[PDB]
Amino acid sequence: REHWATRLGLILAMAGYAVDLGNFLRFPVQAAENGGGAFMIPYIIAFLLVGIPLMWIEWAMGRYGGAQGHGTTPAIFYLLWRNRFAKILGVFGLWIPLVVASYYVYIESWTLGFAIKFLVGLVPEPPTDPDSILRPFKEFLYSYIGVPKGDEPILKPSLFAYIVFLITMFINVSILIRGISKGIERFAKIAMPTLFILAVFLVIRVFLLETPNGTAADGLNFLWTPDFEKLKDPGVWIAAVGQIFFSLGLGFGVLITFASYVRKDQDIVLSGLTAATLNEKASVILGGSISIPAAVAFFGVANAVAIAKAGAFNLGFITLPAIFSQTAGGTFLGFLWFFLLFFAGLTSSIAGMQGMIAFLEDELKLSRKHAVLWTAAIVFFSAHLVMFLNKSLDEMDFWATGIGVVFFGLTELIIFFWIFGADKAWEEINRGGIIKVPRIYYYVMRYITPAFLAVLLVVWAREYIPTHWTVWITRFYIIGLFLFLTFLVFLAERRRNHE
Ligand SMILES: CN(C)C[C@@H](c1ccc(O)cc1)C1(O)CCCCC1
Ligand code: NA
Ligand code: NA
């Protein structure tokens, strides 16, 4: 079985997974709308009661599984719990990241395409007034995506957008086909520093931004000024717990698959805690210092609320490109920005596609080459739904990363720490550990963590159990995908009985 070569590379691959566009866009937006600096209170609390506990558990299940030649949850859940239902629930953790891959790789391709357009200077050049500056870029994006101009829910992405998507897919395949160490790990050792340099450079450049409307200091001010009165809102406490899931990448079955390449007695306690810390530093230090401050510096702290409510996607693909076009050498600033984003996604997308690569290897005994190609073929195919069907993307993201990760996360807890046995599990976590997990965490993992997750489930339920008919197409497809994965798992166990 493949293994990580260096302890360092392991951490950089894991942190590479967790560090994403959410660090630079999603996290800052959430913080600004939920108490600013006061949002750190329920965020840190969720990091300690939910994030860290769940993270160690996924590392634990991963390594425990990897030692027995299985990297995915259909096999692993069966090992912790020998039921038929256990294999079935495990499919979710093979299904979730595949659904995400169907739209993520595509969104990742946008950043690549934008980065190219910005580098060669093929971008709009306005003109005055905010709507007169934003609109040329709002249109720049819509022509790339192919946002419907009529009542039809049909996207018509440009030939360039589609071609970059191909190139992007090809780039993912290139790394993945070289394997865990020589491919993913080797790239993590290059990408993560390159990422850090780009972030710092942009951070410095943003702090020097001075416009008649404001400064970057005003941005860091508006963002970090604590509004404790919002801490009374449960919704803030829910947003924090949800954000932790998103920022760390819990409930996707990726950490599990990665940790299955960790050797049987190698440390997962300190290593995981480290990669988790790298991610959080990248969020609060780098991500919170670029997007929002620049937006406030140019549009004033007066629009700082409106900017935050405009959504993370607008901030990163319309607002920030528009601000750059109005700065000295801003067209190159746009390129660094998108190239920063592109790598941040590319380190995450190779990580998410590894789960399917692992399954085909471990359970269907495919060569790494075949597993990678058939995985790419599936992800490439499904993406056409995201590319051509309007709001298809939103529907996949709702199911896969709304119900999916929070439900499947709780399923990970119960199976490992309740069914498999809390005591056996606690040993499985701490075994070979450079440092040991604090004794108090045994209670958190057993009660507090699943309590929070259950509340997030019911709170999601009541609010979200309550769209155009075309969603049924996306629902039809993702349901079908689950069925198809169920079939492969079925074929996997029929092959094993023969041998
Ligand atoms: C949150 N992280 C770490 C990135 C993940 C993700 C999941 C959902 C989403 O909306 C964006 C990214 C992702 O890496 C999961 C595997 C498939 C690619 C995306
Ligand atoms: Na993150
Ligand atoms: Na990444």
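Residues numbered from 1 in each chain as written, not as in the entry; some residues may be left out. Chains lettered and ligands numbered in written order. Heavy atoms only, no water. Residues with missing side-chain atoms left out of burial classes, pairs and counts.

As documented in the archive entry, the model was determined using X-ray crystallography at 2.85 Å resolution.

Visitor: Before we move on, could you go through the nonpolar core and cite the residues and values that matter?
Guide: Of all hydrophobic cores here, the largest spans 183 residues; its most connected members are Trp337, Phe416 and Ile429. At 21 residues, helix α5 (residues 84–119) tops the list of elements feeding residues into this core. Excluding residues that lie within four positions of it along the chain, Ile429 makes contacts with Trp56, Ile57, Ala60, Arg63, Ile268, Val269, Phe416, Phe417, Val437 and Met445. (Core = buried A, V, L, I, M, F, W, Y, C linked by side-chain atoms within 4.5 Å. Buried < 20%, exposed > 50% of the residue type's maximum accessible area, 1.4 Å probe, protein only. Helix = DSSP H or I, 4+ residues; strand = E, 2+ residues; numbered from the N terminus. Contact = heavy atoms within 4.5 Å.)

Visitor: Lay out helix α13 (residues 291–299) with the relevant residues and their values.
Guide: Counting buried residues along α13, nine of its nine residues qualify, which places the element largely inside the surrounding structure. If you check which residues of α13 are buried, you get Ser291, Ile292, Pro293, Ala294, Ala295, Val296, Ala297, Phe298 and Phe299. Immediately downstream of α13, the backbone of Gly300 shows phi near 80°, a positive value.

Visitor: A description of the site of ligand 1 should follow, citing residues and the corresponding values.
Guide: The full set close to ligand 1 counts 13 residues, and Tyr17, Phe246, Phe252, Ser348 and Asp397 are the nearest of them. Contact distances for ligand 1 include 3.3 Å between an oxygen atom and a backbone N or O atom of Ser348. Contacts to ligand 1 include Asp397, whose side-chain N or O atom sits 3.0 Å from an oxygen atom. A total of 450 Å² of accessible area belongs to ligand 1 in isolation, and the protein chains cover 94% of it. Counting only elements with at least two residues in the shell around ligand 1, the list comes to α1 (7–18), α5, α16 (330–352) and α19 (392–419). For the shell around ligand 1, the element with the highest residue contribution is α5, accounting for four residues. Grouping the constituent residues of the shell around ligand 1 by class yields eight nonpolar, three polar and two charged. (Near = heavy atom within 4 Å. Polar contact = N/O pair within 3.5 Å; in protein donor to acceptor, adjacent residues only side chain to side chain. Areas by Shrake-Rupley, 256 points an atom, 1.4 Å probe, with all protein chains shown as cover. Nonpolar A, V, L, I, M, F, W, Y, C, P; charged D, E, K, R; others polar.)

Visitor: So what about the environment of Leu54? Which residues, and what values?
Guide: In this fold, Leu54 is placed in helix α3 (residues 40–66). Once the C-alpha coordinates of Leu54 and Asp20 are considered, the two residues, 34 residues apart in sequence, prove to be 19 Å apart. Contacts of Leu54, omitting those with residues within four sequence positions, involve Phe245, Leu250, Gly409, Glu412, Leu413, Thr449 and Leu453.

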